[PDB]
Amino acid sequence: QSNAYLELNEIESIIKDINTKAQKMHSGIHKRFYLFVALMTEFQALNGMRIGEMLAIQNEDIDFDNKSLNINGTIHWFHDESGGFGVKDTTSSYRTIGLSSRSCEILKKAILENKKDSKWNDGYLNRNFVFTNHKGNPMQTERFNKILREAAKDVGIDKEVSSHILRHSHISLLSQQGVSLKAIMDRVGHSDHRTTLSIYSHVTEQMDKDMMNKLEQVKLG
């Protein structure tokens, strides 16, 4: 839609709820799921990629020195020869975007958890994915979304929620910060431009309506 996004503070509150669930948990498997969904929720709100793209991120795709991420495939959901579930497709939404410092922490945290489980948990088959379940597979979309809805509801948000709304939220954020439609698309990808353009329009129209309000603040004498 046109109003199909969340406010930063709504998302913050979602992430805090999920982290809270993560902390009460005893099962390490459940803890990892909730921990990671919290990371993924923030990451997507802060970077705007599709969920399929975020699930496909691998260690080599990140460049922490230059604070950039190379987005170059999505998940195909079938088993590879090793039993691993979910395989990366390399096969033109391909792009390189910039990572904030926060986004880098998020990635480092994911990778740290992954090094540890790789090393200590026999069931964790490292295939170099970053956002993984306890088996080292890219987390399944349906699972991420389920946890996200449940949190959103628990937190009293009324809107329907899913990974899409997070991507939309990032587009809404870039709009509010005065980024141009073209720059937003370089970052978020040229796919589904109708939706992107629809959000851009809605937001920039609110900003225009706020014009006299902002000018009210300006006194020079």
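Throughout, we count residues from 1 along the sequence that is shown.
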TODO: Might you work out how many residues are unmodelled in the deposited sequence between residue 101 and residue 102, and answer none, 1 to 3, 4 to 9, or 10 or more?
DONE: none
- [ ] Output the stretch having the higher mean C-alpha B factor in the entry; the candidates are 152-160 and 175-183.
- [x] 152-160
Open item on the list: Test of understanding: from the entry's C-alpha B-factors, which stretch has the higher mean, 120-128 or 92-100?
Closed with: 92-100
TODO: Going by the CA temperature factor in the entry, name the top one among 47, 41, 68, 169.
DONE: 68
- [ ] Determine, from the deposited record, the chain-internal third of the Cα B-factor for residue 110: lowest, middle or highest.
- [x] lowest
- [ ] Report the third (lowest, middle or highest) to which the CA temperature factor of residue 196 belongs, ranking only the modelled residues of the same chain.
- [x] middle
Task: Third of the chain, ranked by Cα B-factor, where residue 144 sits - done: lowest
Open item on the list: Per the entry's values, where does residue 85 land by CA temperature factor relative to the rest of its chain, in the lowest, middle or highest third?
Closed with: lowest
Open item on the list: Among the modelled residues of this chain, does the Cα B factor of residue 26 put it in the lowest, middle or highest third?
Closed with: middle
